[PDB]
């Protein structure tokens, strides 16, 4: 149960960590719960930044999908990085002074616990579905963005099940609610996933392109270029629909349609050699290079407020 930044941590440890890291940095972090999961776990949210009046914000979540362990690891890495370098590294110092980072460590807590106890490859939530033994909804197919029109299954037995309705899951309803309640400050939305090594932006529910797609393409291009500087890791980027494939009900498209102009889905290491079972030996190299892209994007957004 002891926490480590170079190891995958179970929920009990991550929860204890959210409490301790907040206790150790009261001037930089405040913890809050934005909802409760289907099984009663608390969906924590860390507000990282120097407190001040009416600051803009960047929202970043991890752990949408249970099996994507590197995602959960990154949110934790990001927070230590933030508090450890504030006051010493100019860029991070300026970010924390000017804006707040809303870090959601693990969204799909129930599914994450399940990967630790019964099925390492679980993806969905763990809610029950009427008229069947099949469990869970794909949280990334449960948002009100062309809900369940494509790339999503209507069968609860499938891994991409869209749900009984948009925001049917307490997790996604809690996330949508928080965001809806803070639209005035949230300038960018970053949702962390694995694996594939990619940076995607809207849209996925449709082949139509976002108004600022050229700006988003330049941004994604610059960010993957910055990420490659550390270890040479190659990322690709583009609109979801054409780069990956059409998939409705994603949070990146939803957030964008709420007015959040900078919205990205990150696909972390690797390309498939280890896939979802990325070795703990790769946690630091992955989080470090990923830090470069996130910080690049943060500086861009700040310069365009």
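Numbering follows the first chain given and starts at 1.
- The mean Cα B-factor in the deposited entry runs higher for 33 to 41 than for the other of 33 to 41 and 66 to 74.
- The question of which stretch, 241 to 249 or 45 to 53, has the higher mean Cα B factor is settled in favour of 241 to 249.
- When the C-alpha B-factors of 286, 281, 23, 10 are read from the PDB record, the largest value belongs to 23.
- Per the PDB record, 184 has a higher Cα B-factor than any other of 197, 137, 191, 184.
- Among all modelled residues in its chain, residue 106 ranks in the lowest third by Cα B-factor.
- Compared with the other modelled residues of the chain, the Cα B-factor recorded for residue 226 ranks in the highest third.
- The entry lists a Cα temperature factor for residue 91 that places it in the middle third of the chain's modelled residues.
- Looking at the C-alpha B-factors along this chain, the one for residue 159 belongs to the highest third.
- Residue 212: CA B factor in the highest third of modelled residues in this chain (values from the PDB entry).
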